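Asker: Residue numbers (the deposited numbering), protein chains in the order written: chain A, 1 to 32; chain B, 1 to 33. The structure follows.
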Amino acid sequence: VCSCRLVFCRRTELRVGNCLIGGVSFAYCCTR
Amino acid sequence: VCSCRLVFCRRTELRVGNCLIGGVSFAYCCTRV
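Pasting the structure below:
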């Protein structure tokens, strides 16, 4: 499962890419 | 729930922004809940 997070991904997650929502950029974070 | 989809969201989803993965843009598509 993947989520856009404002700052860092979770310990259990890898930073797979980026999101752009309403002008704000997010880490795109997925569990492996 | 939100999903990163090439080109189109599903009819159950609203396009809220964009993903960028591996140099590629995707629509970021969310269901209401």
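Every residue, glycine too, gets a C-beta built ideally from N, C-alpha and C.
Taking 8 Å as the CB-CB limit, is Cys9/B close to chain A?
Answerer: As a position in the second sequence, residue 9/B is number 9, starting the count at 1. So no, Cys9/B is outside the interface.
Asker: Of the choices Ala27/A, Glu13/A, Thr12/A, whose alpha-carbon is the least far from that of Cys19/A?
Answerer: Counting from one through the first sequence, the residue named residue 19/A turns up at place 19. Comparing Cα positions, the closest option is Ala27/A.
Asker: Going by other Cβ atoms of all chains shown within 10 Å of its Cβ, with 16 needed for buried, is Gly23/A buried or exposed?
Answerer: Against the first sequence, residue 23/A aligns to sequence position 23. Counting Cβ neighbours within 10 Å, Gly23/A comes out exposed, since fewer than 16 surround it.
Asker: Going along chain A in order, which residues have a C-beta closer than 8 Å to the C-beta of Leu20/B?
Answerer: Position 20 of the second sequence, counting from 1, holds the residue named residue 20/B. The contacting residues are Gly17, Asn18, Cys19, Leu20, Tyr28.
Asker: Which of helix, strand or coil does DSSP assign to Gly17/B?
Answerer: Mapped onto the second sequence, residue 17/B falls at position 17. Looking at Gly17/B - three-state DSSP - the assignment turns out to be strand.
Asker: So for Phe26/A, helix, strand or coil by DSSP?
Answerer: Against the first sequence, residue 26/A aligns to sequence position 26. Strand.
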